[PDB]
Amino acid sequence: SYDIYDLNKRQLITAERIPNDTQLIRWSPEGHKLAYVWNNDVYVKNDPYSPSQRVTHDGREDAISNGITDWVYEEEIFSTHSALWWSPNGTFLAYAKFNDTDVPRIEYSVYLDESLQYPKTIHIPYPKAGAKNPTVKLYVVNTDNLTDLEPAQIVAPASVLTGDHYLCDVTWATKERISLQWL
Amino acid sequence: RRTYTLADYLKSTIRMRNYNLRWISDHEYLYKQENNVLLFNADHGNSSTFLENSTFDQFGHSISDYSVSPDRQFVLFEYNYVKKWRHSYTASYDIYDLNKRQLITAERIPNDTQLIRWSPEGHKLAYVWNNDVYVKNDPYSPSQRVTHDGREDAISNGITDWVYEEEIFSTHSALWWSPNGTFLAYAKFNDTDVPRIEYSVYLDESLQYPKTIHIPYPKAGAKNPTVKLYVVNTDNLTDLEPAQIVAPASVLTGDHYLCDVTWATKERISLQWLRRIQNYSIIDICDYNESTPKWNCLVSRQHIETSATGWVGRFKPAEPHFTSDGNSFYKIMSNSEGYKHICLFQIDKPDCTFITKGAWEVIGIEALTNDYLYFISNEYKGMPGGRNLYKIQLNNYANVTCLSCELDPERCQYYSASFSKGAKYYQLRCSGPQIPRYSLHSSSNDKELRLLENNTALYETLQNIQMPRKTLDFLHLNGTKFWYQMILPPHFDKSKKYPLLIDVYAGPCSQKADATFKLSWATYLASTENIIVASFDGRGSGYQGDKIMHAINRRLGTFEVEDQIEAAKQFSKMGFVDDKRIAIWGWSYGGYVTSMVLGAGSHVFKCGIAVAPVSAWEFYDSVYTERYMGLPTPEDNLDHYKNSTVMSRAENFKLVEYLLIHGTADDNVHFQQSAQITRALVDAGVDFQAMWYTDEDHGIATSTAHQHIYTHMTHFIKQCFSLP
Amino acid sequence: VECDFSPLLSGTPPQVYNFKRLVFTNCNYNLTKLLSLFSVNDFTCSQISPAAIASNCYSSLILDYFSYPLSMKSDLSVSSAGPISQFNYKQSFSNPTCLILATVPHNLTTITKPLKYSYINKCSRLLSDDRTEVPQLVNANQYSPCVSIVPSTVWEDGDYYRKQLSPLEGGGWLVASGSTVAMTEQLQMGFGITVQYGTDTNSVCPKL
Ligand SMILES: *[C@@H]1O[C@H](CO)[C@@H](O[C@@H]2O[C@H](CO)[C@@H](O[C@@H]3O[C@H](CO)[C@@H](O)[C@H](O)[C@@H]3O)[C@H](O)[C@H]2NC(C)=O)[C@H](O)[C@H]1NC(C)=O
Ligand SMILES: *[C@@H]1O[C@H](CO)[C@@H](O[C@@H]2O[C@H](CO)[C@@H](O[C@@H]3O[C@H](CO)[C@@H](O)[C@H](O)[C@@H]3O)[C@H](O)[C@H]2NC(C)=O)[C@H](O)[C@H]1NC(C)=O
Ligand SMILES: *[C@@H]1O[C@H](CO)[C@@H](O[C@@H]2O[C@H](CO)[C@@H](O)[C@H](O)[C@H]2NC(C)=O)[C@H](O)[C@H]1NC(C)=O
Ligand SMILES: *[C@@H]1O[C@H](CO)[C@@H](O[C@@H]2O[C@H](CO)[C@@H](O)[C@H](O)[C@H]2NC(C)=O)[C@H](O)[C@H]1NC(C)=O
Ligand SMILES: *[C@@H]1O[C@H](CO)[C@@H](O[C@@H]2O[C@H](CO)[C@@H](O)[C@H](O)[C@H]2NC(C)=O)[C@H](O)[C@H]1NC(C)=O
Ligand SMILES: *[C@@H]1O[C@H](CO)[C@@H](O[C@@H]2O[C@H](CO)[C@@H](O)[C@H](O)[C@H]2NC(C)=O)[C@H](O)[C@H]1NC(C)=O
Ligand SMILES: *[C@@H]1O[C@H](CO)[C@@H](O)[C@H](O)[C@H]1NC(C)=O
Ligand SMILES: *[C@@H]1O[C@H](CO)[C@@H](O)[C@H](O)[C@H]1NC(C)=O
Ligand SMILES: *[C@@H]1O[C@H](CO)[C@@H](O)[C@H](O)[C@H]1NC(C)=O
């Protein structure tokens, strides 16, 4: 859970707060625009005192993740849970969409404190060698005019659409140019 | 040949049509036809079906109104309309996206929403909910709460209280968008210490216990609500608090009103303030200083308007109409001779320059461009009861060109106009004295493009009916010309003597005698019962100069009463009016005059009817009352507050037949007023008649109640005139 | 005789990239009678007016019909370079063309709706080099090559499709990506008219 502390007033912000159980959060490169992930959906806040704008609405645990990595991407590719990439001006937002719906899941037991009478089973989408890998899609959103023009997908190059593929890196060249590393 | 019976008036058997349109461009308007909403283009004559009536009933429920966004991307649908007062209500609103042609389901607009207004450009929304102002940059975008002190009967943000809606704004709205939509100006009202009127509501037979309705209602001299003006930047709403524009110092010497807020440019706002003693009005011109950033209201652009003979403006000071560059404006002001005419103001200049003059007034300013100014005046044929469209050349003020005078001079002498943006085209509306008419014109050559509605069906239907005639004539009282009208029975014979019935309003700046065509109750009496129904505009009337209008100042119930009697005495001198069968009736000020007339001891009138009358100025709201009568203090005008009560005249009611009507749910003219009359009539041994109408408001208008009161009054007059 | 518009009123309309076509010769048409069955939202014509298209004679008249959301109206301009006039549907410039966007009313029940509007937003080819991409821009009055690998209704926005070309067929890959727009309450459609003039065959005239 995250609180926002206003330095202009030197006071804590109490309205339009950031929900508990927030997974990710990233400021804009300039200014004070926020982007956070809650229940695997991407939300944007033009200002701390401003209501949240829900960008994606298909966030489902262990099936669809918007803006946060899945397991293999966090461990072996991104080395970070984040899949939000702000535009240098803060105008655009590039977010990633992962789909582990048919990715097999590993199950292991958790023997918590002596209070727990029955052991918990933990499920984690984990593609072993040759298993169904997650998909990834790249979408870009104009923060300043988010109301119209539902998110624009940047389709992968054709060289990589011959089969399964990964997304390794997203870098911003200029305020209107974006670079995507596919594999 | 058939006659205009009473059922013809009460059943709306003979319907009169009109043509109501909404200009949505400089050359396009919307019109509702067969429940469809058609989009007409006046530049080409082509029209498409903009909104099928199919998509009006296929939502879940009946839709009451609509308001299309200025960019024609979204439509607001109003439903669950619950009436509040004259202009107020609360309802639920849906947003219909026209780009997808689909209904919006997320970030909806809450139920019980009080107000809503689009931005002048684009698709931004501002609504009022629980007396707080909310803004939506887009229908698909969450609401941003601007104010958070919304308290019922204490604090209202963006909506007027009762007195402002009734007596000042004539609308519930207190939101003012800027032309770009960047800024929003909203008003905050505070009725915390304003006394409350309380009356019972006897709802459906199910309600075992009556409800008590409370309404902040300042009476004459009572505590008045305050108003503050705040402006908000929509584009960066989460940066600063709402910026208050403080009223000018001239108005801060005591209680004061805010009467108009107009936007000159995208960064300039104008505020019209009014003192509580309503002979002092001021315009403040405020620019947005992007530095601090504040609203810079330079003193050198304050503009004062005063009155030495009474109050300012007709009912309230005239609103300014700014030029395209907002560095000047034209507003109606009284000249030296006391005639409302158009004056030219420069924002920085301390004096104004009159561009029209004469022994006639300007009714209003209708449109404005860089070359011509359009307006309505009662100048033609020197008849004050007429209205015609004029235009002024802004280079040569001597070049005035009437646009409606010679179109149909016998049929149409009472015009009004609705213009488009930039005055490219204008809709002409004729109201009488013959059958109304509606036409579309282009301002480039002022030629009629097409005839929108001629009421031809009305014309032929009246051909088979012995319709009465309306005469516009005048008389002289102490050497002053005074106009009146007579509804004459069909087959009128000046050798025969008819009974006379006088219709009264006699209110300040009123006009009952005019060239307007109405299918009224008076139409029934003359056409069927052969009664002459007259109305006389004496002293205190308007549109004839501040001399005649301000004669009643601080003396309500003195000269407008005598002149109704004196004109009635003139009518008896005529050879066709029965001396012993003269009557009178009024409504909400006639009921005051009608009552005050019968108590004068004139021996002129045989009977009278007062419907929702005022009985004492101690009981009516301060805005209307203090404007003409001042404060009820022993130091200002308490003398005539007492000298002008109907109750002081009870003994003279022994000579006439009094019929007193009043609704119980009257929030405007409280039932307390009529009750005080009957107590004076009862305590004086005076017999009379009365009739209450339960849960009926001031303008008794429920179909069941509208038919009952007139069917009741018909029986009364026929019994007073000894008619079948 | 009478131009038979029956195929347009029966069944499920195809998607824009699989557009169905009605070719009309030697018949009599009443355009306004057909457009009176729909809720016509936009009517834009090129080299001809919407008033003339319903009242003139042509040697041959083509009518392409397909499902199309009104939200993407801006993309049905032949001048646009968007993933509709690039990969899905394009009208010819060499003859008068008209473009009609309609809405299927509630009382027109013989037109079934699909799950959603779909469209090809990428259709390119990968050569045997495995390095060179060649976008397959669609030509006028022809289908996109990628309709062999793009299904009649795209399952999910972003689904990609692939087919490996035999050496005779050029070698390499045929690659496409699809997108979707959510279905409206009333099915929104698009109509495309294209008229042609021949020597003696001026046999498509409005009836009397
Ligand atoms: C996330 O991934 C899952 C699985 O990879 C996607 O759902 C599956 O989508 C496929 C097609 O893309 C469906 O397979 C088959 O489609 C054919 C089309 O001809 C149909 O005839 C078969 O009956 C079958 O449905 C499959 O059913 C479906 N599985 C589900 C929905 O559980 C899903 O679309 C992906 N979502 C995103 C947002 O990427
Ligand atoms: C709305 O109007 C009410 C009353 O018109 C405002 O509340 C009242 O504010 C006055 C002062 O402005 C309070 O009166 C006295 O203030 C003196 C200051 O020295 C203090 O010593 C007294 O004890 C007394 O409080 C009055 O109490 C107060 N009445 C209330 C709060 O019921 C109110 O501020 C206005 N609100 C807005 C938003 O305009
Ligand atoms: C940040 O950069 C973006 C893109 O460079 C700006 O957006 C454009 O701004 C130019 C003016 O510099 C306008 O002409 C375009 O219409 C804008 N287009 C879009 C899509 O935004 C944006 O204004 C910049 N904002 C800030 C605060 O630097
Ligand atoms: C609407 O008008 C306002 C004020 O004229 C615009 O706000 C300014 O715009 C100018 C350029 O037009 C900028 O240089 C200023 O920085 C802006 N200041 C403020 C306080 O807004 C606004 O941009 C206009 N908006 C539209 C949509 O036309
Ligand atoms: C507006 O009206 C008020 C009262 O109706 C006027 O108040 C007078 O002010 C003068 C001071 O110059 C006093 O000597 C008078 O006694 C006041 N009259 C009353 C009845 O109190 C005020 O002058 C008027 N304003 C203008 C501009 O004419
Ligand atoms: C519009 O209605 C008016 C009636 O107000 C019609 O004018 C009358 O036309 C008859 C023709 O039979 C004349 O005898 C009357 O003298 C006319 N009366 C007036 C007051 O002008 C007019 O013809 C109608 N116009 C259309 C186009 O229907
Ligand atoms: C709806 O509009 C059509 C348009 O001609 C009309 O025929 C129909 O009577 C209208 N229905 C209603 C209920 O207004
Ligand atoms: C009228 O005609 C013009 C040009 O032919 C067209 O652009 C306009 O849309 C038409 N009016 C309506 C309401 O469609
Ligand atoms: C064509 O259809 C319209 C639509 O009502 C109709 O008005 C017109 O008479 C028809 N023309 C012929 C020749 O059938």
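Worth a mention:
- Our Cα-only numbers for the range B:154-248 put the radius of gyration and Dmax at 17.6, 54 Å.
- Top positive-direction residue, dipole computed over chain B with Cβ charges, set B:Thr471, B:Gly432, B:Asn36: B:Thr471
- Distances between every pair of Cα atoms in the range A:91-183, grouped in 5 Å steps from 0 to the bin holding the largest one, split as 3, 11, 16, 16, 13, 11, 10, 8, 6, 5, 2, 0 percent.
- Flagged links, alpha-carbon separation over 22 Å, of B:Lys84/B:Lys331; B:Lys32/B:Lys316; B:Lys83/B:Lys211; B:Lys84/B:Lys211; B:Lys481/B:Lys718: B:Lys84/B:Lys331; B:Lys32/B:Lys316; B:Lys481/B:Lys718
- Label-point separation in nm, B:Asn53 to C:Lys20, each point 7 Å along Cα→Cβ: 3.3 nm
- P(r) histogram, all alpha-carbon pairs of the protein assembly as shown included - 10 Å bins from 0, percent: 2, 8, 14, 18, 18, 14, 11, 8, 5, 2, 1, 0
- Proximal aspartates and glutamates relative to B:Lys424, as straight alpha-carbon distance under 20 Å, when same-chain residues fewer than 8 apart are discounted: B:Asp26, B:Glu28, B:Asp43, B:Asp71, B:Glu121, B:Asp325, B:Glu366, B:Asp371, B:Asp446, B:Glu448
- Taking other Cβ atoms within 10 Å as a rough exposure proxy, B:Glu406, B:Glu166, B:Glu78 sort from fewest to most as B:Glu406, B:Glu78, B:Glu166.
- GNM flexibility winner over chain A from A:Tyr49, A:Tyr111, A:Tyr73 (Cα, springs under 10 Å): A:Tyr111
- For the range B:1-466: rounded, prolate or oblate by the Cα gyration tensor [a/c cutoff 1.5]: rounded
- The value of relative contact order for the range C:116-182, using C-alpha pairs under 8 Å at least six residues apart, is 46 percent.
- Antiparallel content of DSSP bridges confined to the protein assembly as shown, in %, to 5: 90 percent
- Under 13 Å from a label point set 7 Å out along the Cα-to-Cβ vector of B:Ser64, the amide N atoms of the range B:91-117 belong to B:91-94, B:111-116.
- This ranking places B:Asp578, B:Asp408 by how few other beta-carbon atoms lie within 10 Å of each, fewest first, which gives B:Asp408, B:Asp578.
- Sequence-distant contacts, meaning Cα pairs under 8 Å at least 6 residues apart, place the relative contact order of chain B at 8 percent.
- Sparsely packed GluC sites (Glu not before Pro) within the range B:574-658, loop by DSSP, other Cβ within 10 Å at most 11: B:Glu635
- Taking N as the residue count of the range B:616-724, its C-alpha radius of gyration divided by 2.2 N^0.38 Å amounts to 1.24.
- Going from the fewest other Cβ atoms within 10 Å to the most, the residues A:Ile122, A:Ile25 appear in the order A:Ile122, A:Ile25.
- Calculated FRET efficiency, A:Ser79 to B:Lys547, Cβ-Cβ distance, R0 = 60 Å: about 0.10 to the nearest 0.05.
- Three-way shape call for the range C:41-148 based on the alpha-carbon gyration tensor, with the a/c threshold at 1.5: oblate
- For the range A:1-124, a Kirkwood hydrodynamic radius built from all Cα pairs, placed in the Stokes-Einstein relation at 37 °C and 0.692 mPa s, yields a translational diffusion coefficient of 199 µm²/s.
- Volume per residue of the C-alpha convex hull in the range B:85-137, rounded to whole Å³: 101 Å³
- Charged neighbours of B:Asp239, selected by a Cβ distance under 14 Å, balance to -2 (K, R count +1; D, E count -1).
- Charge sum, other residues only, whose C-beta stays under 9 Å from B:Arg86's C-beta, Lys/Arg counted +1 and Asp/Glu -1: -3
- Computed over the range C:116-182, Kirkwood Rh from alpha-carbon pairs, angstrom: 12.5 Å
- Computed E for B:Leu477/B:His87 - FRET, C-beta separation, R0 45 angstrom, nearest 0.05: 0.75
- For the range B:467-724, alpha-carbon Rg over 2.2 N^0.38 Å: 0.97
- Here the contact order of the range B:628-696, divided by its residue count and restricted to Cα pairs under 8 Å and six or more residues apart, works out to 36 percent.
- Distance-filtered residues of the range B:255-283 - backbone nitrogen under 16 Å, label point 7 angstrom along B:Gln244 Cα→Cβ: B:255-258
- Paramagnetic reach from B:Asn41 (point 7 Å along Cα→Cβ, amide N under 19 Å) across the range C:77-98: C:77, C:97-98
- Within the range A:73-160, GluC sites (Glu not before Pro) in DSSP loop having at most 11 other beta-carbon neighbours inside 10 Å: A:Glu114
- When the listed pairs B:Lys391/B:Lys547; B:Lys266/B:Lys340; B:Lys266/B:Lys294; B:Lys100/C:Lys20 are checked against a 20 Å cut-off, the alpha-carbon distance exceeds it for B:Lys391/B:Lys547; B:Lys266/B:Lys340; B:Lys100/C:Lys20.
- DSSP loop trypsin sites (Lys or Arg not before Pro) with at most 12 other Cβ within 10 Å excluded, longest remaining stretch of chain C: C:1-130
- Positive minus negative residues near C:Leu99 (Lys, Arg vs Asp, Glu; Cβ under 14 Å): -1
- Here the dipole of the range B:467-724 is about 1120 debye; that uses its Cα centre as origin and unit charges on the Cβ of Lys and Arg (positive) and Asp and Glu (negative).
- Looking at the range B:183-279, the GluC sites (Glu not before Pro) that sit in a DSSP loop and have at most 16 other Cβ atoms within 10 Å of their own Cβ are B:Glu205.
- Cα gyration tensor shape for the range B:438-593, rounded if a/c is under 1.5, else prolate or oblate: oblate
- Each stretch of four or more DSSP H residues adds -39500 (n - 2.57); spread over every residue of chain C, this sum gives -1000 deg cm²/dmol at 222 nm.
- Principal-axis tilt of helix B:703-720 within chain B, Cα atoms, nearest 10 degrees: 20 degrees
- Calculated mean residue ellipticity, 222 nm, chain B: -3500 deg cm²/dmol, from DSSP H runs (n ≥ 4) at -39500 (n - 2.57) each, averaged per residue and rounded to 500.
- The base-10 log of I(q)/I(0) for chain C, evaluated at q = 0.10, 0.12, 0.15 Å⁻¹, reads -0.47, -0.66, -0.96 [Debye formula, identical scatterers on Cα atoms, solvent excluded].
Quick reminder, even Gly has a Cβ in these numbers, built from the backbone with ideal geometry, and neighbours come from all protein chains shown. No value in this document is a laboratory result; all are computed from the given coordinates.
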